[PDB]
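Input: a single structure, listed below in structure tokens.
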Amino acid sequence: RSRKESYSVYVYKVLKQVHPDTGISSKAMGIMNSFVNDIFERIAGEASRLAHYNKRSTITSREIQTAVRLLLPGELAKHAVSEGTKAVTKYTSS
Amino acid sequence: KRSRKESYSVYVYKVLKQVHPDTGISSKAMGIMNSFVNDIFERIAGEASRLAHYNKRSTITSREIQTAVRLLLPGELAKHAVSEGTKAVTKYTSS
Amino acid sequence: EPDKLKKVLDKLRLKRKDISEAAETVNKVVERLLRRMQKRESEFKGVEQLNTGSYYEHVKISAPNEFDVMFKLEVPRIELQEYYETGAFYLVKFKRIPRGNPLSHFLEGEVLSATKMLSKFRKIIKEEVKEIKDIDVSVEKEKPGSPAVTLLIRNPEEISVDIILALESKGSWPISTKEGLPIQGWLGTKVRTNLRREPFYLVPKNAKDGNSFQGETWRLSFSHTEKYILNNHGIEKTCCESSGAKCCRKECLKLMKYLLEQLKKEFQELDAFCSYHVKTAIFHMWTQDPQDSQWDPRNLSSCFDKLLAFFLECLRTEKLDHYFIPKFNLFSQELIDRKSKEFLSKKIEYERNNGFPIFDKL
Amino acid sequence: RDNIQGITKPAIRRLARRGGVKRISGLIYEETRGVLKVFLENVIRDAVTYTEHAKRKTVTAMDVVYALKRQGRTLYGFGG
Amino acid sequence: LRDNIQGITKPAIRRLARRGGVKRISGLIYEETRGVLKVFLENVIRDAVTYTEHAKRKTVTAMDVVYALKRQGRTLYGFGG
Amino acid sequence: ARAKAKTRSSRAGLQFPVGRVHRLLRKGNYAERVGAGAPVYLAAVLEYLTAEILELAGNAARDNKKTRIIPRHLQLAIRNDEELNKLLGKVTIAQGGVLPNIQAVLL
Amino acid sequence: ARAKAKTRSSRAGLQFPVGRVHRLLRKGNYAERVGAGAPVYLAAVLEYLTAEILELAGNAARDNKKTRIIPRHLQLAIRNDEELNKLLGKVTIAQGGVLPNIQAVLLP
Amino acid sequence: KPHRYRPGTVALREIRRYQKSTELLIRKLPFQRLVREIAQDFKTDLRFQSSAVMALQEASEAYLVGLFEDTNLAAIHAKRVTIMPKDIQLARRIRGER
Amino acid sequence: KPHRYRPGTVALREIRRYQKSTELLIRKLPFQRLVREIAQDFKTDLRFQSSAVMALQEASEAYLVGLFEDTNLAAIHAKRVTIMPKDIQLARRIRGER
DNA sequence: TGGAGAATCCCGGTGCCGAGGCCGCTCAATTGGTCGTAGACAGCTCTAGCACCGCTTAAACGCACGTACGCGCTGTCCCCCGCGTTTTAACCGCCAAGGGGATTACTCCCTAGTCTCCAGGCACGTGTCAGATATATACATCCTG
DNA sequence: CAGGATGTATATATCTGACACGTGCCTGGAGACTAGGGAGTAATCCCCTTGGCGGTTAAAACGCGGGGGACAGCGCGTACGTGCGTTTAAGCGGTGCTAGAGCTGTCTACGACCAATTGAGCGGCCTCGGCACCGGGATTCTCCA
Ligand SMILES: [Zn+2]
């Protein structure tokens, strides 16, 4: 009667994709929740600041891409950017 | 065309003449004072934003600013800044 | 008449007598080769030969002048891409690898170029066996149609050894295998978990080339898991030991493999049938087999005929499941023409009705 | 009501072991008790500030997680 | 441009050390200091150039530098803030 | 005369939710407006990072002959990676433990 | 009608602008609504802190026989006070210098 | 005679044992008492969720382990193997907590 | 004979001189060249405002001074007066930059 | 415990450019009113923190013995510092050209807002199997005669 | 070295409670449509960044002598580790109670929005006085008998 939402459904789907015989504890599924929320807040705050620096009013894919390039180190940013651009490109083709 | 810009130089100068009626200020020192005011404005405002978001509220009130000041400033700075702020809001609401 | 079969099995044991000496000499040169490949500086630093045994039950072998060994190579984070939606051939890519992939020169863009890496493998192996000439050993280069580098040794006379590169991955036994290795109700679930925590292998083989990227396709290999299960072939893992009861599983396996070997070579039209078909079918027969009493050498001939019945039933309904990948069922007409499978059936009729005359050789 | 002597000497040796320490002088215990007291005082001051702002009486796990996150010591596994 | 890290002369590292309060300096300190300065500069200029590219400009302004420093915990007063 | 729904995560080809991320971006005081391709990008990135961590964790799990991932395995995944350990350098994982190391001088 | 205007900082009794702070709070994406007493509090606190810095800075400028504050005096003020040094602990002041300090072990 | 171990072997065994575990190395009732005593200065008649005390304990143990690592580094630097309060003071001074 | 000063006096005089000034202690043209060379790897044909190079120089000099302070502390800790690359490495390892 | 070199503070005069004040104006803050909804109280439920009581046993504690490690002293030998001469290249003043930042005007398309509808994700309930525990072995390592 | 003792990794047998599905349903996300304003674009100005040239002098660079500090070695003595027997209190299981968190409904005051006035703060212009800067003498401070 106090419905509260999380990310565990999608974390579990991803797990069944990468390791389709492995489970997860109940504390690891809390740690992954905290991790997703932390990274979300980081990326979103940096994109907000980026749009404020350039006198814009909207947050677009370009702000998210620049925020990802600012926050992730080294080869993490290259792969994350490729993932994002592939996803957006596939989405617009509909 | 000339693109008017804002700064806190007038108010920093008034405060200076009120605390030291004889001293002046350089221009690079005034730049440092502007950067300082912008910095701690941003700090307090962001802390009060987070506070309002944690507690399901959608408004920033003097209570949020009070507890953000208690979280950010250390020791006796917080005690005196809270006294100043409360005194000012009391005087203000009395029109 | 299991005595005739048993003495032909003994005959196989006399190939074995010739082949202990042949296999030891080849093994020794390859072993020396192995030690030499691990010291030289190249992308092949840690390359073991992967041991699946030496026995006929364990290795590729035919007429005494051809041997096979498996060389394994551990590979960094690998991502697979299905190319034959049957589920038998893959493209290989990498993942982030933050430190560095010491193989990027072997890739065409994002896909691993098997051809280039194999070319480097061939070059290095030929040069290295060329750099020490104790035993008269040379390299032969045949058509680039099946990627295997065959050494010819003149000691005592022609010894051929096809060297097959195999990549080793430790990751997860990909999803195409998810309901592979079904033994849970036969041996147990604890073994299956343990077996499936082992690594798996990818071997270069160009799936017939209705495709652009050639060589750049790989097939799955589970040679180590298969050797383990077969050498603990029974519901009682005590099989083939003094601690347990000798059964007729291995005898039937040798009987069908060699019978087929002789019949298929004497009628060369049917060469699309490989030794893996017999292993897959016997895997299915041993897993559905609930009874240890269904395998005992005194009933060798009856179990073997039952196996023949199993073989015809597998043939009949147009599918023979890959024991590790049920989604890839190799008994598709597109790789074996229907008439040829039935022609083999006719040959089976031929063998079954004639009282194994092809065994009346010596 | 000292309660700082309840962080015993074997417990401090165990914390030192987990950090890769082989030998330990005898004056390390009284120093690390003070260090721990300072750290706890800071974190609990901030947690109680967060608690009073919500007009609550109990300190929750989220107050602690926020007080930690605002000192650069983010903690995963207790909500958030 | 090449071989410009050598323009951080040794008599200048000595002055930075004097302002840092050190009395006697080894002879292997100068290469260490050049390497440390080079990685610091790389880390700051990468972020300043990311900001510049996002703004679609071609000159690096002082605000790009101030933001790149602020996002690493080295806030700098006096250049626009 | 409807167009029976097709989730945005399905169009993007993702497992993470695009509409929930859109809502969280709008009701979070980040900007006045939010573009149409921003939640797609952000959810793709979150899914990439999640998969990247979970794979190294399942590897550390199945090294210790385990089936379920525990926090120790997340910790071993984070700390044995010079980039994920730079992204989470000042994060503490509950029940995670430390990485085993002894200084050479102490042996 | 329309009695004479009166700035909000005049009523509050401050020298910092309450209207500009209200606008900067309403345009900075901090919350949906901003109460009426929040910019007054915030301007009072900003004014307190700037006067607290400028007093020490003018003292430092006077102890050098100078009538004009420069960044060096701001740095001296900040680094000498124990509570302003915890607030501005991770801040660099352009043209500020350091605090004269030599370790005792180095003296002759 | 029986089996006197030489000084430094049980210490290495304990290092290897506690670098492999994940438990909490401080007793829980004493820590909880200490937390309540510290908090009764900022506000009286407080209450604590169990999760709050567990979070505080996890954070404090992580802090102290991370500080003992730098203390060990400072000791090794000074050509020693025993850690002394000098090393804790140096570590906390370089880290910026002083 | 004339006035040989003993080793360590001009060093203390320089300490006192440079702890009293506010100037920049690195030449400006070499620093600007170094900055442009470093930046020409991330994007070619860039331009710089003078204020940008001045900001970079101020930040870098503040960084290096603050690092030499901790290097000196580590040297004093190790019972020395000469600073060595060991001390820089220890300082940057404790601070968390490694 | 001196006396002389040589930095360093202190006073004095000149001069220059930047801070401090005035003026004109424009746009952003104030006043006055209306409206809708966030939040403040008032009540009520029922979770979960707090206080207590036995009981077992694991961990803290205190003590003794001995050894290895910290610390102090001595001695040598490089290697950094202080000074002097040469050279090189920053720095300052200057002029010139053009790239690109910054502002304006115009138009379109992209996003917010609403309304209707239905499926996905949440809460609750089982069923069973991965893992925790206990016992028995075998291999690995440290230590001392 | 070579045995001897101890510790640790390794196999099995048993039981449990925590994880993985499965079901019911409600709330939040999707489909369709409209209306405005933000952003993309094109053109134009004019600032300021880059490039060059010439002279000067300050700083860097190179050499050299020597003294002081880093570093290795040797001895001693004491403080810390290891092991054992006592003793304290932590942990676990169970019971009872009530304070306080969490939610729900009502309503009222408070903050957004808008339209018209008007003064505060910004940009530009001008001028003197605070502060560099050079001389020139005073007075500290270091290095030896
Ligand atoms: Zn058998």
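Cβ coordinates were reconstructed from backbone atoms using ideal geometry, including for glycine residues, and neighbour counts include every protein chain displayed. Values quoted throughout were computed directly from the atomic coordinates according to the rules given, and no laboratory measurement underlies them.
Below are the figures for this structure:
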| read-out | value |
| --- | --- |
| Spin-label zone in segment C:81-98 - amide nitrogen under 18 Å from a point set 7 Å from the Cα of residue F:80 along the C-beta vector | C:95-98 |
| Copies compared at residue I:29 - label distances in nm, ascending, label defined 7 Å from Cα in the Cβ direction | 7.7 |
| Anisotropy class of segment C:99-189 from Cα gyration tensor, a/c 1.5 cut | oblate |
| 222 nm mean residue ellipticity, helices alone, for chain A (DSSP H n ≥ 4; -39,500 (n - 2.57); rounded to 500) | -23500 deg cm²/dmol |
| Ranking of A:3, C:316 by count of other Cβ atoms within 10 Å, fewest first | A:3, C:316 |
| Most mobile listed residue (I:78, I:11, I:55) in chain I, GNM with C-alpha springs under 10 Å | I:11 |
| Pseudo-label separations to other copies for residue H:40 - Cα-to-Cβ vector, 7 Å, nm | 7.1 |
| Burial ordering of H:3, C:322, fewest other beta-carbon atoms within 10 Å first | H:3, C:322 |
| Rg over Rh [alpha-carbon atoms, Kirkwood Rh] for chain H | 1.08 |
| Shielding by partners - mean other protein chain Cβ count within 10 Å, residues of H:6-16 | 4 |
| Net +/- balance of residues flanking residue I:7 in space, Cβ distance below 12 Å, scoring K and R +1, D and E -1 | +4 |
| Listed residue pairs exceeding 28 Å between alpha carbons, taken from A:16/F:6; A:78/F:90; A:4/A:78 | A:4/A:78 |
| Number of partner chain Cβ atoms within 10 Å, mean per residue of C:191-204 | 1 |
| Segment C:259-289 and segment C:102-140: distance between their alpha carbon centers, rounded to Å | 33 Å |
| Protection proxy ranking, peptides C:21-33, C:350-362, C:37-49, F:15-27, average beta carbon neighbours within 10 Å, highest first | F:15-27, C:21-33, C:37-49, C:350-362 |
| Only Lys, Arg (+1) and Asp, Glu (-1) charged, at Cβ; the protein assembly as shown dipole about Cα centre in debye | 5720 debye |
| Residue C:38-residue C:18 FRET efficiency (beta carbon distance; Förster radius 45 Å; 0.05 resolution) | 0.90 |
| Using alpha-carbon coordinates, inclination of helix C:275-288 to the longest axis of chain C, degrees | 60 degrees |
| Overall Cα dimensions of chain C, principal axis frame, Å, largest first | 59, 48, 45 |
| Orientation-averaged projected area, Cα convex hull of chain G (nm²) | 11.5 nm² |
| Distance between modelled label sites at residue D:2 and residue I:13, nm, 7 Å Cα→Cβ extension | 5.6 nm |
| Value of Rg/Rh across chain E [Cα atoms, Kirkwood radius] | 1.06 |
| Farthest positive-ward along segment G:1-95 dipole, Cα basis, beta-carbon charges - from G:18, G:67, G:78 | G:18 |
| Under the span-like rule (Cα at least 20 Å along the axis, Kyte-Doolittle mean at least 0.5), DSSP H helices of chain G | G:38-62 |
| Scaled radius of gyration (Cα, divided by 2.2 N^0.38 Å) that segment A:1-72 gives | 1.44 |
| Farthest positive-ward along segment B:1-57 dipole, Cα basis, beta-carbon charges - from B:55, B:31, B:16 | B:55 |
| Residue I:79/residue I:20 FRET efficiency (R0 25 Å; Cβ-Cβ; nearest 0.05) | 0.30 |
| Estimated FRET transfer efficiency (residue C:131, residue C:194; beta-carbon r; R0 41 Å; 0.05) | 0.45 |
| Estimated 222 nm signal from helices in chain C, with DSSP H stretches of n ≥ 4 weighted -39500 (n - 2.57), rounded to 500 | -12500 deg cm²/dmol |
| At least 20 Å along the helix axis (C-alpha) and Kyte average at least -1.0, DSSP helices within chain B | B:27-54, B:76-93 |
| Relative counts (whole %) of C-alpha pair distances in the protein assembly as shown, using bins that are 20 Å wide | 9, 31, 32, 18, 8, 2, 0 |
| Neighbour-count order for C:183, C:132, fewest beta carbons within 10 angstrom listed first | C:132, C:183 |
| Residue-averaged beta-carbon neighbours from other chains (10 angstrom radius) around C:159-171 | 1 |
| In chain E, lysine pairs with alpha-carbon atoms under 30 angstrom apart (chain gap of 8 or more, or interchain) | 9 |
| By average C-beta atoms within 10 angstrom, highest first, the peptides C:105-117, G:44-56 | G:44-56, C:105-117 |
| Cα gyration tensor shape of segment C:246-362, rounded if a/c is under 1.5, else prolate or oblate by comparing a/b with b/c | oblate |
| Ordering of C:205-214, F:73-82 by burial proxy (mean other Cβ atoms within 10 Å per residue, highest first) | F:73-82, C:205-214 |
